[PDB]
Amino acid sequence: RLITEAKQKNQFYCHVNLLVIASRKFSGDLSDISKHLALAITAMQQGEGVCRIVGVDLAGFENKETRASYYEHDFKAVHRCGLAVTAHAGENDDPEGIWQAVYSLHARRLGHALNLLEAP
Amino acid sequence: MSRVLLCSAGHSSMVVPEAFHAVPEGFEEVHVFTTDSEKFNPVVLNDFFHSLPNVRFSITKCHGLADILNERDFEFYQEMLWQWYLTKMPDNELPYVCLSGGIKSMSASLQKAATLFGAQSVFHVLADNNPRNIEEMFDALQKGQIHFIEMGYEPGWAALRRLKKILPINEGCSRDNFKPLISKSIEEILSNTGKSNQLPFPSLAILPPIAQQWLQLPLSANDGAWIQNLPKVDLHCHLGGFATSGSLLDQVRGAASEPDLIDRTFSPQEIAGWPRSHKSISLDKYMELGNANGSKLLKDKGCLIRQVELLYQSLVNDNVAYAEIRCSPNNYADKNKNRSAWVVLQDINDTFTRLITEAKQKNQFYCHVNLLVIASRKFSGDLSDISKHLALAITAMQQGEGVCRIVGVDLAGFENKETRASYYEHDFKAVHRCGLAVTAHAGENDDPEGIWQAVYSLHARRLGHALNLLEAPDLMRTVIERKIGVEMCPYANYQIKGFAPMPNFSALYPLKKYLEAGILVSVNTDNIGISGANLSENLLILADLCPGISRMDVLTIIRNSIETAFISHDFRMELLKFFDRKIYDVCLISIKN
Amino acid sequence: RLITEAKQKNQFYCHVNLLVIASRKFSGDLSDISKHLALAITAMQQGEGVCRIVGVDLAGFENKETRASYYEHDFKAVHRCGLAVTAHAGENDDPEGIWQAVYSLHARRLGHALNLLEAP
Ligand SMILES: [Mg+2]
């Protein structure tokens with residue numbers, strides 16, 4: 001509604017898309033990730049409307065043994081259905097974690113990762 | 001260094017002597033165009049210029065016309081004036097041209113001609129008293145009454161000059177036979193963000209707007225010269241198919257170390273109309289046509305070196321600035337002469353390195369070449385050869401130092417579903433971890449699922465052929481968003497599958513769709529010798545395979561080819577810089593023809 | 001060259017073959033193991049020469065951090081080309097480590113393992 005109203009005034013507007021973030025909860029119930037992702041695959045199917053869902057965020061791992069390949073069983077779906085993912089392998093993670101994230105999650109983008117220099 | 005003065009007049013015949021003194025440095029050549037108006041007296045200008053024999057004066061009269069009255073008179077005058085401007089043009093330097101004489105029509109036409117074909121300094125003569133007697137302009141010059149005004153330098157277009165040879169210099173003619181190529185231009189200038197901001201090579205924004213729209217024109221068969229002069233990139237080329245018949249085959253055979261070990265009795269069977277086949281052919285005969293070469297003849301080391309040198313020379317001849325070659329080191333190895341696959345690859349690497357170094361040392365045009373270790377399927381074929389090839393590629397990359405380098409691996413051969421890419425997904429872990437690149441050829445006749453495994457299990461950055469992608473919309477979506485290049489050979493697929501205008505065919509080339517969708521398509525040659533067509537011919541044939549394609553989609557294709565090559569970043573910047581400068585010069589000089 | 005010189009004079013000579021040791025790092029540039037394996041395969045592919053490459057060594061810190069349950073899928077490659085593999089699980093190791101070094105790495109030869117008495 002906001003985008004349509006701004007465009008009707010023919011002034012300068014800002015296109016905006018949402019990315020549903022996976023839960024940052026390793027503890028508690030683990031079905032939260034599944035319901036979040038299944039919500040995403042449904043949300044992308046609205047179709048109409050200037051605004052859209054176009055990807056998910058994979059933040060939620062605490063840089064511990066979780067890494068990013070633990071949740072890998074659940075991500076064969078979003079790529080098959082045409083969505084996108086976004087890792088957040090920043091904080092304090094070794095190069096191996098970013099490597100396995102980018103080569104199993106196949107993240108089109110990547111969050112932070114400031115210490116990438118030490119891994120040519 | 002002589003300037004040519006061009007002028008025209010309808011009632012003021014005396015502007016030329018005034019314009020003669022525009023610059024105190026002295027003017028050399030003056031030429032005037034005028035209709036058949038009986039009012040004009042050339043005698044006054046003749047006696048004025050007889051005072052300076054060093055200046056050569058030409059009087060050109062528009063035969064059959066005295067004044068513009070209607071459409072036909074205007075177009076006739078315009079054609080003859082353009083022909084005269086083309087004829088009197090100095091072949092090196094832009095001229096000095098004035099347009100004070102003549103009514104608005106001739107002045108505007110001369111101004112448009114100058115803006116098209118260029119002029120060193122176009123200007124206007126400002127006469128306050130409009131002198132009629134000979135002495136008066138000299139008096140004004142002494143006083144300073146006569147004023148000269150110019151709007152600035154006007155380069156015009158760089159290379160449209162060989163039209164004076166395209167149209168022979170002929171003075172005896174009429175308006176019945178004129179050339180509507182300038183009106184064809186006029187129509188093309190603004191006839192048609194499909195092509196506005198799709199401009200690659202940001203230096204492409206410097207050419208005059210006539211060029212900036214000329215590139216948008218549909219491609220034609222007569223574009224061979226520009227395509228040949230255009231630097232190109234080939235990313236899917238099989239070395240085992242460069243020399244297949246004729247002079248190349250004779251040369252490679254004669255350079256063999258052991259002539260007795262080769263046979264000169266078998267030749268591939270000719271196909272009527274080859275390369276433009278009238279009937280689609282199966283794959284088996286396509287590989288059979290290359291039976292004269294391959295492994296039965298390339299085992300010899302001298303044959304290897306001769307073939308590599310000949311291929312490099314042909315690539316340089318085709319103005320190719322960068323290419324990646326596909327070679328099977330194991331297919332040419334021979335343990336009897338201690339010719340291992342590694343030895344073959346090392347020989348090919350040193351040969352290419354020496355060739356490119358020699359070419360660069362003389363500061364000539366050199367085609368940078370990188371290798372591709374094809375992991376031949378070998379359906380059963382002692383399947384450990386796959387791991388052998390992977391290890392060989394890994395260690396070849398690990399060799400490291402050098403200018404010519406192995407950059408990736410390719411898997412192909414026996415494309416049928418029995419040898420799909422859903423088998424060796426577990427072996428490719430090491431080759432991907434060490435740092436190599438992956439290419440997977442699949443999709444000519446395979447299911448729409450094998451591509452998904454290839455892109456998402458092997459993480460292949462390039463897809464061979466995949467001609468049937470148009471029937472899998474989700475595959476289009478994922479390929480487009482993941483920025484996965486598609487290398488695809490026009491003429492080879494035309495000969496194998498068949499597309500319009502193939503007789504008794506309805507299937508159309510999915511190229512144009514692949515471009516407008518946004519797939520990073522890169523045109524390649526596959527097997528030069530078997531197909532009998534280089535990169536230039538492959539680009540040229542697109543006008544028949546994909547009608548309505550423009551001359552700028554090929555530039556976008558080449559940009560995609562640069563983007564999808566498994567190369568380092570800094571080398572990419574250097575390649576883009578050199579390539580865009582070269583393209584700019586090529587399009588500045590091209591349409592001359 | 002040395003063995004050929006020794007044999008040409010008809011004197012006692014010592015035939016020797018080389019083993020490529022896959023040095024254990026487990027800290028950085030983990031692709032070094034794959035590089036070593038590829039180098040060993042290409043080295044044995046030389047074929048000619050009385051002195052050649054016959055096997056690889058899985059030496060290094062034989063602790064639990066680098067047991068045999070890590071790279072067996074990559075060792076499928078070296079085993080495909082008919083190359084012998086020598087393991088080393090003899091210092092500060094438990095019986096199950098020796099066990100799946102034998103049965104997953106399929107080490108045709110085993111190193112050390114002094115405490116094999118306690119595992120009948
Ligand atoms: Mg091919």
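Method of structure determination, per the deposited record: cryo-EM was used for this entry, reaching 3.6 Å resolution.

Per the PDB entry, chain A goes by the name Adenosine deaminase domain-containing protein and belongs to Bacteroidales bacterium. Here the entry title, as the record gives it, is "cryoEM structure of CRISPR associated effector, CARF-Adenosine deaminase 1, Cad1, in apo form".

Under the annotation held in the PDB entry, chain B carries the name Adenosine deaminase domain-containing protein and is attributed to Bacteroidales bacterium.

A. Structural detail: the overall build of chain B. Tallying secondary structure elements over chain B gives 24 helices and 14 strands in all. Considering only C-alpha atoms, chain B reaches an extent of 100 × 50 × 45 Å along its principal axes. Out of the 593 residues belonging to chain B, those deemed buried represent 53%. Surface summary for chain B: the accessible area is close to 26600 Å², and the carbon and sulfur share equals 56%.

B. Spotlight on the nonpolar core. Within the largest apolar cluster, 144 residues are counted, with the highest numbers of intra-cluster contacts made by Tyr312 and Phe352 of chain B. Setting aside residues up to four positions removed in sequence, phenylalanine 352 of chain B forms contacts with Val308, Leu311, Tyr312, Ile325, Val369, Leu371 and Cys404 of chain B.

C. Expanded view of the sheet that holds strand β6 (residues 147–150) of chain B. Residue and element names in this part refer to chain B. Here we have six strands laid out as an open sheet, ordered β3-β2-β1-β4-β5-β6, and mixed in their pairing. The open sheet has two edge strands, β3 (56–62) and β6, and neither has a second partner. Averaged over all neighbouring strand pairs, the angle between strand axes comes to 25°, with direction disregarded. Bridge count for strand β1 (residues 4–8) against strand β4 (residues 96–98) is two bridges, and the pairing is parallel. Directly across from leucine 6, in β4, lies its bridge partner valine 97.

D. View of the packing of helix α3 (residues 71–87) of chain B against helix α4 (residues 104–117) of chain B. Residues and elements named next belong to chain B. For the pair α3 and α4, interaxial distance at closest approach is 11 Å and the crossing angle is 40°. Taken together, α3 and α4 sit at an angle that is classed as oblique. In the packing of α3 onto α4, the handedness of the crossing is right-handed. From α3, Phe74, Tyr77, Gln78, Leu81, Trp82, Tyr85 and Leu86 reach across to α4, where they touch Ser105, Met106, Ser109, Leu110, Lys112, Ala113, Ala114 and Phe117. By residue class, the composition of the contact of α3 with α4 is 11 nonpolar, three polar and one charged.

E. Up close: the coordination of the magnesium ion. Residue and element names in this part refer to chain B. Within the protein, the atoms that donate to the magnesium ion are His236 (NE2) and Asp526 (OD), at distances of 2.1 Å. With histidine 236 in strand β7 (residues 232–238) and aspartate 526 in the loop between β14 (521–523) and α20 (528–531), this pair connects stretches of sequence that are 290 residues apart. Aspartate 526 matches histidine 236 in its accessibility class, with the two residues each being buried.

F. Quick peek at the interface of chain A and chain B. Every contact between the two is made by 10 residues of chain A and, on the other side, 10 residues of chain B. Summing both sides of the interface, chain A and chain B together bury roughly 1100 Å²; the carbon and sulfur share of this comes to 50%. Linking chain A to chain B there are zero salt bridges. Run the count over chain A and chain B and you get five residue pairs in polar contact. Of the residues belonging to the side of chain A that touches chain B, the class tally is five nonpolar, three polar and two charged.

G. Focus on the sheet that holds β14 of chain B. Residues and elements named next belong to chain B. Strands sit in the order β7-β8-β9-β10-β11-β12-β13-β14 across an open sheet of eight strands; the sheet is parallel. Looking at which strands have only one partner, the edges of the open sheet turn out to be β7 and β14. Taken pair by pair, the neighbouring strands of this sheet meet at an average axis angle of 25°, ignoring direction. Bridging between strand β10 (residues 406–412) and strand β11 (residues 437–441) involves four bridges; their strand directions are parallel. Pairing of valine 409 across the sheet is with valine 438, part of β11. Where helix α14 (residues 384–399) meets the sheet, its contacts fall on β9 (368–376) and β10, and the angle it forms with β9 comes to roughly 155°.

H. Molecular detail of the interface of chain B and chain C. Chain B puts 17 residues into the contact, and the matching count from chain C is 15 residues. Between chain B and chain C, the buried area comes to about 1400 Å², and carbon and sulfur atoms account for 64% of it. At the junction of chain B and chain C, the tally comes to zero salt bridges. Linking chain B with chain C are two residue pairs in polar contact, by the criterion used here. Per-element accounting of the side of chain B that touches chain C gives the leading share, eight residues, to α14 of chain B. Of the residues assigned to the side of chain B that touches chain C, the class counts are six nonpolar, six polar and five charged.

I. Summary view of the packing of helix α10 (residues 246–254) of chain B against helix α12 (residues 301–317) of chain B. Residue and element names in this part refer to chain B. The geometry of α10 relative to α12 is characterised by a closest axis approach of 8 Å and an angle of 145° between their N-to-C directions. In contact with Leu248, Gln251 and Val252 of α10, α12 contributes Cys303, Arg306, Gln307 and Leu310. Within the contact of α10 with α12, the residues separate by chemical class into four nonpolar, two polar and one charged.

J. Inspection of the arrangement of the chains at higher detail. Taking contact number as the criterion, the leading pair out of two pairs of chains in contact is chains B and C. Between chain A and chain C there is no contact; the minimum C-alpha to C-alpha separation amounts to 8 Å.

What counts, and where the lines are drawn
- By convention in this text, residue numbers begin from 1 on each chain and track the written sequence, not necessarily the entry numbering, and residues missing coordinates are not displayed.
- As a convention, the first chain written is A and the first ligand written is 1, with the rest following in written order.
- Any value quoted here refers to the chains shown, not to the larger assembly they are part of.
- Excluded from the side-chain calculations are hydrogens and water; all other atoms, namely the structure's heavy atoms, are used.
- Each helix is a run of DSSP H or I of at least 4 residues and each strand a run of E of at least 2, with the numbering of both proceeding from the N terminus.
- The rule is simple: take the accessible area with a 1.4 Å probe, protein chains only, and divide by the maximum for that residue type; under 20% is buried, over 50% is exposed, in between is partly exposed.
- Here, Shrake-Rupley sampling with a 1.4 Å probe gives the accessible areas, and only protein chains in the shown set may cover a residue.
- Residue types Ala, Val, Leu, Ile, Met, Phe, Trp, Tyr and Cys, when buried and joined through side-chain atoms within 4.5 Å, form a set referred to as a nonpolar core.
- A contact between two residues is defined here by any heavy atoms of the two lying within 4.5 Å.
- Two strands pair under a simple rule: DSSP has to find at least two bridges between them.
- To obtain each axis, a line is fitted to C-alpha atoms, and for helices this fit is confined to the stretch in contact; angles are then taken between N-to-C directions over 0 to 180 degrees.
- Roughly parallel refers to an angle under 35 degrees, roughly antiparallel to one over 145, roughly perpendicular to one between 65 and 115, and oblique to any angle outside these ranges.
- If you view the pair so one helix is near and one far, a crossing is left-handed when the near helix is turned anticlockwise from the far one by less than a right angle, and right-handed when it is turned clockwise.
- Three categories are distinguished: nonpolar for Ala, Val, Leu, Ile, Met, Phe, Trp, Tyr, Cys and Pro, charged for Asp, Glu, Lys and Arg, and polar for the others, with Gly belonging to the last.
- Any N, O or S atom lying within 2.8 Å of the metal counts as a donor, and for Na, K and Ca the limit rises to 3.2 Å; water is left out, so some sites can look incomplete.
- Defined here as a combined quantity, buried area equals the accessible surface (1.4 Å probe) lost by two parts on assembly, summed across both.
- Salt bridge, as used here, is a side-chain nitrogen of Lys or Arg placed within 4 Å of a carboxyl oxygen of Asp or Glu.
- Pairs of N or O atoms are called polar contacts if they sit within 3.5 Å, as long as, within protein, a hydrogen donor faces a hydrogen acceptor (for residues adjacent in sequence, only side-chain-to-side-chain pairs).

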